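Below: the structure, in structure tokens.
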Amino acid sequence: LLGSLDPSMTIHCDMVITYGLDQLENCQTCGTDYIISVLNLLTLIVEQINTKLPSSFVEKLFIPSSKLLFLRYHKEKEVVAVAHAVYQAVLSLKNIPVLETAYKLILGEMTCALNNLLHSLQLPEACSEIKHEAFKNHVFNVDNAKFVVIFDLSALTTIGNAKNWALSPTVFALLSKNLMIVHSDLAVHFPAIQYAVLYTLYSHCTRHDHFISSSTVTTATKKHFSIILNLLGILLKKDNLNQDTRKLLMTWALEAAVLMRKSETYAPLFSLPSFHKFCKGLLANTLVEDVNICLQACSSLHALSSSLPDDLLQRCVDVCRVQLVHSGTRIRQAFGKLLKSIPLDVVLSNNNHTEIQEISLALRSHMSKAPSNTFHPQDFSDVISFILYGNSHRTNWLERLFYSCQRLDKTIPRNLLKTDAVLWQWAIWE
Amino acid sequence: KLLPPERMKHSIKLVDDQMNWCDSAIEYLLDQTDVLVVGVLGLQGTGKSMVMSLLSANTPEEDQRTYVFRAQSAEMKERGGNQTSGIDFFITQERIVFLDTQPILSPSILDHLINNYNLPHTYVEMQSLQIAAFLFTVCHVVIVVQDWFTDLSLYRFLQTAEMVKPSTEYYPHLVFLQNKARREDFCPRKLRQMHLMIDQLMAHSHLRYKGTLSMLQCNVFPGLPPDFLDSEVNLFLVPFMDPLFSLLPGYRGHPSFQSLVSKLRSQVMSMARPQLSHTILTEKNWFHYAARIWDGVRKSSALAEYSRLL
Amino acid sequence: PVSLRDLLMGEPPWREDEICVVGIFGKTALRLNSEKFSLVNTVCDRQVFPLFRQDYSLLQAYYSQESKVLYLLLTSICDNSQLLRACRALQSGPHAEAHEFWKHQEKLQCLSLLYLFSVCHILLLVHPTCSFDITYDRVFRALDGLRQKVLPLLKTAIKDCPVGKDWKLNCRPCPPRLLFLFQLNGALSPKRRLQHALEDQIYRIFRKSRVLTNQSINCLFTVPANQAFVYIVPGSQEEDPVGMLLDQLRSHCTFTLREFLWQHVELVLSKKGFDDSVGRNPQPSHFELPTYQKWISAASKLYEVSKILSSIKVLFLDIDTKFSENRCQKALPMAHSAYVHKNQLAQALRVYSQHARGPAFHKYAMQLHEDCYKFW
Ligand SMILES: Nc1ncnc2c1ncn2[C@@H]1O[C@H](COP(=O)(O)OP(=O)(O)OP(=O)(O)O)[C@@H](O)[C@H]1O
Ligand SMILES: [Mg+2]
């Protein structure tokens, strides 16, 4: 009946509001259908009454005593879906004063959950700049806190993915500067929160072309690309990242790199320091055990081969030289093309190669060690047969042989075990 | 004049399904020393055959129809039956011996034996105990594969088997492999509980279930410090089979299956090989020793003592 | 959702209503959402158990007025929730103390299971994998005999009860029906074939072990002869709420268990009862449909229960303990016939240790050492 009309009148809202609140206040241990019906009615009521809902309506709807917060814990996916719909409808209002309180309440709940997790992890609290009085003293379990944080982050997509909302804590700043503690220690015990934050930030930035044209709305976003590049560089330079997080970061980096050179008007963006940090992170993230990550890094570097200083090109030459001899096939071709894309003025330079130095150091350290006496006669026979006659009689066999020649009861880096040069030298010495 | 003897294409049967010795592996053995023996144990659908195949001479990208160790087929799962029978044998080019094993206390064998002791129920238990003892006395390492966490009945069985073994005592290393792991099982909070339960449930096992094969140092957990665990036992997890923003894949929360399989294979191959008897043994000598041990275990005395108690 | 002990002590709205007792038990893996709680929530269609919420045994009771059914959930060392707590407590606070501790826990769990096997109408066993452990066959074999030694004592405490006549004789309302529930666990219509194969295997294994007999009176439980008694829960995204939330975020950025249970509940609720006997000569089976107060009158008396501890101590780690004791005793005579005295004592101890060992070798070693020392 309410949906039959249109939101262009002044019908009595006090009766409808009190009816909905009364039904919601006594809908805890109800059936699977009654809860869905009540939530649907609330969503329809909120959508029907636009810009006319009093602040008290949403003030008592996002508090710990409110039953709505306890209805999202249902196992059925339909209940969670309708709850998210309710959150979306409430956050999709055009009245700033009635939306500010809801946004502050959501931020306060997220801060409370984060503080609870930090306390349970034996660490001091943080994010005191977005705390709320409604959540001054409360207890959230580890699983409950994680679920609440993820739910709030997912609900924030209503305003984060908007198509053009002038609030004090901007979504970009909230996910890029306010929630900076999730990458310090929470990323090790709770990587889901970090992945969700990065995913929502990426989804919000990809809809605005990573804020390239800007680098009212244009003036406010005049320093977004620099922050994005700095964040990407700092995150990539780390060594305590997860596989999913690293893959997402690499995809974001590749997309940004491909976009940097789509036009020729972005040339001045190659002199700012964030770009240098980003390139450093990309160069330091390669030469890892993962093959797909290395391929993505190589493709990204090959994309914007030009516009880089002599230092970056020099490092790329050494990386390509060490990667030219790999047990795989795609890596060799990718690095070969990247090397071929470098001018002769840098490949033929007399600069020192760091990767070659590390390889030599590892070989020297292994040789200086005491003999192991683990090389079996069969291995020696196979090596001799392959050198003097060319037939190895073995169907990546070097890595398998090296692993079989080690002992755990009684130290070459793992990243260097995929190179055939190191394996060949080790086999010859053995 | 130094070519290898031969290359094995498929695993052979070391012991018939009727608990009978099959001396047919000497054709692929040499006179070399310092051999490594790996055995497996587990329930019916844990996936011991697949793990052994992927760790000996197979790759995940290959097909299940050409594995060295026969795996369960789709038509067999619907019937609730077993595939591996008896004990298998296979040796890779690195002179590493791999031994398979049929499921212990599986209902398939029981049902097959129904239509064929006091009752036909303790026979399966004794066969399982015999296999466990044999693997514990003639193998360098034993890997236990569990479909789910904390069965609570495998620990008692392992202790009972080691207590009734044939025979300055030698105790092979024990590895706890958790197959079909999920995202919830790849968290430090759950890892601590797993290690604590494993350590408290095997305090007097006398086996080497700690100090070796530490997945924490295998780069599985980047920012997890070693002191975060009171006692890191040898436990490994194996997961289930596995413009630009819209192409992002789903979030699994665990490393790739191939990466973990490769890491497990490398760690297993880089393990120690302690002496078994009070003398040096070669491949042929090891085979003869294993045959003698099996013969002695069959006609043993402790087994009869345990049999009259049931 | 209150404890069983806290419920019998305390009704007027449902003082006399025909109800059915359903017991839930089995093993459970280490997970945030237990299988039993989810099962109860799905059957009752309501959030009965809210999410994120000396001895190691517990019995929970819950009544459903919309369906007039009582549920009795059992938790013991088998479940990982209690096992984790037990291990944590044992970590802070000898090869002989741990054995006794585990034996006591097993005995307590067995006693609780026996109690549930006599005051329930329909009971179901859960499992985390499709395959069923054959060890259960032995557990039941070790439980039936136990009730045979406790039945005379149970009927003596419920003599002054309004349960009826058959209840006072068999110490049970009617032969309980056991149901089996498994989980896909990523395995694999194929489901129907797998269920039929599992039912056939279970029936054959139970019949061979003499657990199930033709008469539906002597046996402690029976299974349907023409209906289905095995259910397999398929995989779903309900578990691990984090994964479901992540999937929802990604999407935004871009028969049945109930019927399976009512099929059997409708029989007891209609007073028809159960009839499972194909031994070429079936006989009538006792059955009763008590009310709330009528059922509590007997449940409280059975729960309050001198000689139970003595009878339960005669019944598993008992085999292992006996084997270890026998091995130690046999090894002791060999070392006692082998014996300044330090070398002889060390040699005797080494010979005894190499001869045999078990879970109680400390006592034998101490006795041998004392005997050797006193012999000089
Ligand atoms: N990690 C895994 N992820 C997905 N599927 C798996 C996994 N491990 C095993 N499987 C599958 O589940 C089944 C397990 O049986 P498999 O052949 O691996 O050995 P098994 O269970 O030890 O056999 P047996 O019954 O002889 O003891 C097979 O169909 C296999 O393909
Ligand atoms: Mg198999």
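Neighbour counts run over all protein chains shown; Cβ positions are idealised from the backbone, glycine included. Every number here is computed from the coordinates shown, using simple stated rules; none is lab data.
Taking Cα centre as origin and charging only the Cβ of basic (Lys, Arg, +1) and acidic (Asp, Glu, -1) residues, the dipole magnitude of the range C:316-376 rounds to 180 debye. Across the range C:178-209, the residues whose backbone nitrogen lies under 11 Å from the label position 7 Å along the beta-carbon direction of C:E239 are C:183-187. Rounded to whole numbers, the Karplus 3J(HN,Hα) couplings from phi for the range B:18-28 are 9, 6, 10, 6, 10, 7, 9, 9, 5, 5, 10 Hz, using 6.51 cos²θ - 1.76 cosθ + 1.60 with θ = phi - 60°, and x at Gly and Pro.
Residues A:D290, B:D242, C:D166, arranged from fewest to most other Cβ atoms within 10 angstrom of their Cβ, appear as B:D242, C:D166, A:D290. Alpha-carbon geometry of the range C:203-278: the Rg and the Dmax are 20.4, 63 Å, given in that order. Using just its DSSP H runs of length 4 or more, each adding -39500 (n - 2.57), chain B gives a mean residue ellipticity at 222 nm of -9500 deg cm²/dmol after division by all residues. With 5 Å bins beginning at zero, the pair-distance distribution over Cα atoms of the range C:167-240 amounts to 3, 13, 20, 20, 14, 12, 9, 5, 3, 1 %.
Reported to the nearest whole Å, the Cα centre-to-centre distance from the range B:261-310 to the range C:343-376 is 28. Any of B:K210/B:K284; A:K237/A:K337; C:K107/C:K301 with alpha carbons more than 28 Å apart? Name them for me. Among B:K210/B:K284; A:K237/A:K337; C:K107/C:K301, the Cα-Cα distance tops 28 Å for B:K210/B:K284. Judged by the mean number of other Cβ atoms found within 10 Å, the most tightly packed of the peptides A:331-338, A:268-275 leads the ranking A:331-338, A:268-275. Reported value for the range C:237-376: 403 Å³ per residue, from the convex hull of its C-alpha atoms. Where only DSSP H runs of four or more residues are counted, chain C gives -16000 deg cm²/dmol as its mean residue ellipticity at 222 nm, each run worth -39500 (n - 2.57). Shielding of peptide B:283-294 by partners, expressed as the average count of other chain Cβ atoms within 10 Å per residue Cβ, is 0.
Note on the range C:316-376: Rg/Rh from Cα positions, Kirkwood definition for Rh, rounded to two decimals, is 1.02. Classified by the C-alpha gyration tensor, the range B:195-310 has a prolate form. Its axis ratio a/c, with a ≥ b ≥ c, is 1.5 or above, and a/b is larger than b/c.
Placing a pseudo-label 7 Å from each Cα along the Cα-to-Cβ vector at A:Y19 and C:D160 gives an inter-label distance of 5.9 nm. For A:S55 and A:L1, the difference between the fully extended length at 0.36 nm per residue and the C-alpha to C-alpha distance is 16.9 nm.
Applying the Kirkwood pairwise sum to the alpha-carbon positions of chain C produces a hydrodynamic radius of 24.0 angstrom. Across the range B:128-145, coupling constants 3J(HN,Hα) worked out from phi with the 6.51/-1.76/1.60 Karplus curve, θ = phi - 60°, read 5, 5, 4, 5, 4, 5, 4, 5, 7, 10, 10, 10, 6, 8, 10, 10, 9, 9 Hz, and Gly and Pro carry x.
Semi-axes of the equivalent ellipsoid of the protein assembly as shown are 53, 49, 25 Å, computed as sqrt(5λ) over the eigenvalues of the C-alpha gyration tensor in descending order. For a distance above 21 Å, tell me the whole-number percent of Cα pairs in the range A:1-123 that qualify. Roughly 43 percent, rounded to a whole number. Relative to one another, the C-alpha centroids of the range A:56-92 and the range A:387-427 are positioned 59 Å apart. With each label modelled as a point 7 angstrom along the Cα→C-beta vector, the A:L361-A:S168 pair spans 5.0 nm. Sorted ascending by nearby beta carbons within 10 Å, beginning with the fewest, A:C127, A:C27 become A:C27, A:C127. Projecting the Cα positions of C:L302, C:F255, C:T291 onto the charge dipole of the range C:231-334 (unit charges on Cβ atoms of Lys, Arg, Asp and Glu, taken about the Cα centre) puts C:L302 furthest along the positive direction.
Other residues lying with their Cβ under 10 Å from the Cβ of B:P107 contribute a combined charge of -2, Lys and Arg counting +1, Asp and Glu -1. Computed from the Kirkwood radius of its Cα pairs, the Stokes-Einstein diffusion coefficient for chain A at 37 °C and 0.692 mPa s stands at 125 µm²/s. Note on the protein assembly as shown: dipole from Cβ charges, positive end direction compared against A:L24, B:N285, A:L304; the farthest Cα belongs to B:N285.
Placing one equal scatterer on every Cα of the range A:161-315 and applying the Debye formula, the log10 ratio I(q)/I(0) at q = 0.10, 0.12, 0.14, 0.15 Å⁻¹ is -0.36, -0.52, -0.72, -0.83. Among A:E59, B:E62, sorting on how many other beta-carbon atoms sit within 10 Å of each Cβ, with the fewest leading, yields B:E62, A:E59. Counting only Cβ charges, +1 for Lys and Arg and -1 for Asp and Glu, the dipole size of the protein assembly as shown around its Cα centre is about 1280 debye. Distance between the modelled labels on A:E76 and B:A74, one decimal in nanometres: 3.5 nm (7 Å Cα→Cβ projection). Amide H contacts of B:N179 (H built 1.01 Å from N, in plane; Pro and chain starts excluded): B:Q146, B:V238 sit under 5 Å, all sequence-distant by 5 or more or on other chains.
Expressed in units of 2.2 N^0.38 Å, where N is the residue count, the Cα radius of gyration of the range C:1-148 is 1.14. A simple count of charges around A:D310, restricted to other residues whose Cβ falls under 15 Å of its Cβ and scoring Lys, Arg +1 and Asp, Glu -1, yields -1. Other residues with beta-carbon under 10 Å from the beta-carbon of A:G281 carry, at +1 per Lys or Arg and -1 per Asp or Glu, a net charge of +4. Counting Cβ atoms of other protein chains within 10 Å of each residue's Cβ and taking the mean over peptide A:24-32 gives 2. Counting only DSSP H runs of at least 4 residues, each contributing -39500 (n - 2.57), and dividing by the residue count of chain A, the helix-based mean residue ellipticity at 222 nm comes to -17500 deg cm²/dmol.
Along each principal axis, taking the top coordinate minus the bottom one, the Cα set of the range C:88-146 gives 41, 28, 19 Å in descending order. Residues in the range A:171-179 carry Karplus couplings, in order, of 4, 4, 5, 5, 8, 10, 10, 5, 8 Hz; the curve used is 6.51 cos²θ - 1.76 cosθ + 1.60 with θ = phi - 60°, and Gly or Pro positions show x. The three principal axes of the C-alpha atoms in chain B carry coordinate ranges of 66, 58, 46 Å, sorted with the longest axis first.
Of interest is the spacing of the C-alpha centroids, which for the range B:1-53 and the range A:106-168 amounts to 57 Å.
Candidate cross-link partners of A:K77 among the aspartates and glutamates, defined by an alpha-carbon separation under 13 Å and a same-chain spacing of 8 or more, comprise A:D33, C:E238, C:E239, C:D240, C:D247.
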